[PDB]
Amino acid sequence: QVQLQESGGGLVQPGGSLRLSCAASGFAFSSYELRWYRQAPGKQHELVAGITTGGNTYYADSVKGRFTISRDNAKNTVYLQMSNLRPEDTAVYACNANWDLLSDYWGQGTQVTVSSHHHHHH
């Protein structure tokens, strides 16, 4: 069937950088709009970034200038390069391809945790 698998999340120092990969298989990738959503614990889910078929990218006001979404149709993969990370950016990031109301597919979502005391057990 349709499949979206994220990879590249995990831990990262505040101010650090991560690159999220979203592999797609099972549909006509090239003619699909791609978006990155996230959801902080105990909060409503929000849109991070999004790229159209033409290549037009748009971002949230909070991650504008720091994050950069790009897509590779040759490999059916959309990326979310995110630098200068913050403790607020700690959330579950999900990949999303969309054609219409019914052709709306989501990924399992990957966890990105931003803190300074990583594996420092105080």
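We number the residues from 1 along the sequence you see.
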item	value
Stretch with the higher entry mean CA B-factor, where the candidates are 28-36 and 82-90	82-90
Higher-B stretch (mean Cα B-factor, as the entry records it), 113-121 or 2-10	113-121
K43 - which third its CA temperature factor falls in, relative to the rest of the chain	highest
Chain third (lowest, middle, highest) by recorded CA B-factor, residue given as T77	middle
